[PDB]
Novice: 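Structure in structure tokens, see below.
Within every chain, numbering begins at 1; the chains are lettered A, B, ... in the order of the sequence lines, protein sequences first and strands thereafter. In each ligand, atom 1 is the first atom listed, and ligand 1 is the first ligand listed.
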Amino acid sequence: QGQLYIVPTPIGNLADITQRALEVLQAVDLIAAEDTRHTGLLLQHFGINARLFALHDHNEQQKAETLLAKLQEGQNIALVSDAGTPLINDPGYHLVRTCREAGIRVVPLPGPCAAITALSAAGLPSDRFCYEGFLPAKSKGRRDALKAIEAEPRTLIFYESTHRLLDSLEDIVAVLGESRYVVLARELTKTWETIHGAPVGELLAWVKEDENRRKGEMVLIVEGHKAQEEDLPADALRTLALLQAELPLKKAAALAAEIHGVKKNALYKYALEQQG
Amino acid sequence: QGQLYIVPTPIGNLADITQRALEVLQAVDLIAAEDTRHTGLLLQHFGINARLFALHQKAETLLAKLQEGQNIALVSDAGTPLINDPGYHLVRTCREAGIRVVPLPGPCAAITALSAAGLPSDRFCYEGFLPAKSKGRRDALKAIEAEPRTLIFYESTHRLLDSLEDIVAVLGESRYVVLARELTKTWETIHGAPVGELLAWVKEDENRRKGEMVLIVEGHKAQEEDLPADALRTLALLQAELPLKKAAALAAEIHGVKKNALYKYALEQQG
Ligand SMILES: CCN(CC[C@H](N)C(=O)O)C[C@H]1O[C@@H](n2cnc3c(N)ncnc32)[C@H](O)[C@@H]1O
Ligand SMILES: [Mg+2]
Ligand SMILES: [Mg+2]
């Protein structure tokens, strides 16, 4: 019977909270939080007292049923995360789905979002964009993920940690090339806030100039691929290379052209250039 | 020497304004908005006076003012500014001119709708307003039919029925769609259901299509198992050339299909 509230929290600047959020927090009986201690400190700063429930992804589903039962009893539950808004790389998906399928009102509240905040000042097209969150921590997985989105024409939003910023930048340089334009937004809404846009190679070089520039939390905005059709499809080239490894060059090119339905002369020229 | 500020505005709830935004508005001596009337009404409700600037080149004037040393705050009618509209060129020019841009967190209709829709969020794409023309809308839907990420669109009450019919025609009926209406207000309503069921539900009453809407559509992540004729012909061609096992592996890696299936199919054909 009681409604669930998705109340965002500041992303580092306490002053960046909404009045409605404070009223809702003081008007609810239980607050599901990623880390009770953290939220507890935030509540104390505003002089708000309420019950805290440890709700994180590890025990999300397990306690989703308990939260649903509590809501059915007429209680009001507000969901908060350490920062930004829940459900965006933060726990809450299973609980929200269970509440929705059980016929429970869900009241979302506007609030801070690191990706949106970075995009607003990114200086890049915002009409269409794709959010991807964190990148794989492994080199092979990261390279595969980057390759899969190499041809994406929309602006790309990624989340990044100081622990792997240099490796991720190097992988981006290797895959997407240094010509791509990338914007790094660090410590938004904080004293050391800094947004720097540049070619990937230039960006990397600038970051390596000082360790201070890769400290804290970061968001990466990658300009989408340009609308150039001169380059032939990469899948055809990969198939041609694999068939060359397994079969003779001429048969490999003929089979690749036949399956992909592309001109054989261009594929043969590319293969000859690669071999040379 | 001046600093540009991005100050998101409420989206239909005056209580959704943050303290930092109010302090920034007081601090800046010139506020630039697209719709002067809306921002003026917001300021009067908050009892704020300032030198409003109207947007319609204005980029050069704003850059000159910023270079002079005047703090300018950029605002929009609702939500976060410079989203689904031009203006990012000005931010890029200011960054290239040594100016410092301070974004402020604020309301976002798409993010707010996504946080409550319950559809997957680990990865999503925002497509903004769909084409107002039926042919354009159908072409856009076709271009994103195979997208596996959750899609977020903005729609107006005028074309909500047309958009729903277009999605029904293109994406079919089995697809799950969530409609968010009048978020952050007494009329807020989020309803999730198949496209056809949602269309019937919205047609059942007129108030359900009143205002501005946010549409969240789950990506295509089902019925991906099949045996395309291209894979079969490739396997047949490679079998005569390479050993069955090698041909099956090559076909599987080319078409991204299970190798063991192709092998069983080849054996059944041979049999
Ligand atoms: C792009 C122009 N945009 C401004 C929102 C801002 N740009 C933002 O990013 O949040 C206007 C569009 O956003 C949607 N919208 C705004 N407020 C809404 C609300 N309370 N409920 C539902 N939808 C809403 C709706 O589709 C409207 O036509
Ligand atoms: Mg922790
Ligand atoms: Mg968290």
Side-chain angles (χ1 to χ4, degrees), chain A residues 8-12 20 32-41 54-58 60 79-93 107-117 119-120 126-129 133-134 159 161 217, chain B residues 6-16 33-35 38 74-88 105-117 126-130 132 152-160 163 178-191 209-216:
Chain A
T9 65
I11 51 155
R20 192 144 79 77
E34 208 170 357
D35 197 324
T36 57
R37 305 160 292 192
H38 201 35
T39 320
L41 276 158
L55 177 63
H56 31 283
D57 61 274
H58 303 289
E60 205 180 326
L79 177 56
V80 294
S81 41
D82 301 327
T85 173
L87 281 87
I88 308 304
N89 277 81
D90 256 345
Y93 177 91
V107 179
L109 263 64
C113 199
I116 308 307
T117 311
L119 190 71
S120 66
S126 309
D127 51 47
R128 307 168 67 192
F129 56 87
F134 290 101
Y159 277 0
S161 147
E217 310 177 350
Chain B
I6 315 303
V7 189
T9 45
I11 49 162
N13 202 316
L14 285 302
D16 296 350
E34 185 62 278
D35 200 330
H38 301 339
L74 201 144
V75 282
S76 170
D77 56 317
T80 34
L82 319 182
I83 300 298
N84 216 49
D85 52 358
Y88 65 94
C108 187
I111 302 301
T112 313
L114 190 67
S115 48
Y126 157 85
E127 301 290 350
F129 291 114
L130 283 158
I152 315 182
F153 315 84
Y154 297 164
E155 180 52 83
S156 91
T157 181
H158 306 331
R159 328 188 302 287
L160 180 60
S163 294
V178 181
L179 178 94
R181 171 172 80 75
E182 300 278 42
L183 290 163
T184 70
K185 272 188 295 307
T186 39
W187 310 295
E188 81 297 38
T189 314
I190 299 150
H191 189 234
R209 70 177 89 91
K210 267 279 166 290
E212 62 202 356
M213 324 299 166
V214 181
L215 281 300
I216 301 158

Novice: Main chain of A:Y93, side chain of A:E60: is a donor-acceptor contact present, judged purely on distance under 3.5 Å?
Specialist: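 Pair found, side chain donor or acceptor close to backbone of A:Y93.
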Novice: Could you check B:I152 against B:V214 for side chain to side chain contact (heavy atoms under 4.5 Å, CB included), going step by step and ending with a plain yes or no?
Specialist: CA-CA 7 Å; B:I152 315 182; B:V214 181; 3.9 Å; yes
Novice: Short list, please: which atoms of ligand 1 are under 4.0 Å from a heavy atom of B:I11?
Specialist: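 Here the atoms of ligand 1 in question are 17 (N), 20 (N).
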Novice: If you define the side chain from C-beta out and look only at heavy atoms, does anything of B:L179 sit under 4.5 Å from B:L215?
Specialist: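 Sidechains of B:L215 and B:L179: in contact.
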Novice: Which residue and non-hydrogen atom of the protein lie closest to atom 20 (N) of ligand 1, and at what distance in Å?
Specialist: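 Residue, atom and distance for the closest contact: B:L183 O, 2.8 Å.
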Novice: Starting from atom 9 (O) of ligand 1, which protein heavy atom do you reach first, and at what distance in Å?
Specialist: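 Of the protein heavy atoms, B:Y154 OH, 3.5 Å lies nearest.
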Novice: N/O to N/O below 3.5 Å, does that happen between B:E212 and ligand 1?
Specialist: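 Yes, at least one N or O pair falls under 3.5 Å.
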Novice: Touching ligand 1 at all, B:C108? Heavy atoms, strictly under 4.0 Å?
Specialist: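 Yes, B:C108 has heavy atoms under 4.0 Å from ligand 1.
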Novice: Does B:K185 have a non-hydrogen atom less than 4.0 Å from ligand 1?
Specialist: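 In this structure, B:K185 qualifies as a contact of ligand 1 - some heavy atom is under 4.0 Å.
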Novice: Looking only at protein heavy atoms, identify the closest one to atom 11 (C) of ligand 1 and say how far it is in Å.
Specialist: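 Ranking protein heavy atoms by distance from atom 11 (C) of ligand 1, first comes B:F129 CZ, 4.2 Å.
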Novice: Looking only at heavy atoms, what is the nearest atom pair of B:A110 and B:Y126, with distance?
Specialist: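 That would be CB-CD1, 4.1 Å.
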Novice: For ligand 1, which atoms sit closer than 4.0 Å to a heavy atom of B:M213?
Specialist: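 Matching atoms, with element in brackets: 26 (O).
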Novice: Return the minimal non-hydrogen interatomic distance between A:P86 and B:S115, and the atom names on each side.
Specialist: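 Between these two residues, the closest heavy atoms are O-CB, 4.2 Å.
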Novice: Are a donor atom and an acceptor atom from the side chains of A:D35 and A:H38 found within less than 3.5 Å of each other?
Specialist: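 The criterion, which ignores hydrogens and geometry beyond distance, is not satisfied for A:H38 and A:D35.
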Novice: Identify the heavy atoms of B:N13 and A:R20 that sit nearest to each other, and give their distance.
Specialist: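 For B:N13 and A:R20, the tightest heavy-atom pair comes out as ND2-NE, 3.1 Å.
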Novice: Of all the atoms in ligand 1, which lie at a distance below 4.0 Å from a heavy atom belonging to B:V214?
Specialist: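 Once the distances to B:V214 are compared, the set is 22 (C), 23 (N).
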Novice: Looking only at heavy atoms, what is the nearest atom pair of A:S126 and B:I83, with distance?
Specialist: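 Shortest heavy-atom separation between A:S126 and B:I83 comes out as CB-CD1, 3.9 Å.
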Novice: For B:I11 and B:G79, work out which heavy atoms get closest and say how close.
Specialist: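 Heavy atoms of B:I11 and B:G79 come nearest at CG2-N, 3.3 Å.
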Novice: If we only look closer than 2.8 Å, how many protein N, O or S atoms does the Mg ion (ligand 3) have near it?
Specialist: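 For the Mg ion (ligand 3), protein nitrogen, oxygen or sulfur atoms under 2.8 Å: 3.
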Novice: How far apart are the closest heavy atoms of A:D90 and A:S81, and which atoms are they?
Specialist: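 Residues A:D90 and A:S81, closest heavy atoms: OD2-CB, 3.1 Å.
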Novice: Of all the atoms in ligand 1, which lie at a distance below 4.0 Å from a heavy atom belonging to B:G79?
Specialist: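 Those qualifying, in numeric order: 6 (C), 8 (C), 10 (O).
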Novice: Give a yes/no verdict on whether any heavy atom in B:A78 is under 4.0 Å from an atom of ligand 1.
Specialist: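 Contact check B:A78 vs ligand 1: positive.
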Novice: Just one of A:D82, A:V80, A:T39 clears the side chain to side chain contact (heavy atoms under 4.5 Å, CB included) bar with A:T9, so which one?
Specialist: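 Exactly one candidate clears the test, A:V80.
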Novice: So does B:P8 get a backbone contact from the side chain of B:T80, meaning a donor-acceptor N/O pair under 3.5 Å?
Specialist: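 Checked: no pair found.
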Novice: What's the shortest distance from atom 14 (C) of ligand 1 to any protein heavy atom, and which residue and atom give it?
Specialist: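 Of the protein heavy atoms, B:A109 CB, 4.1 Å lies nearest.
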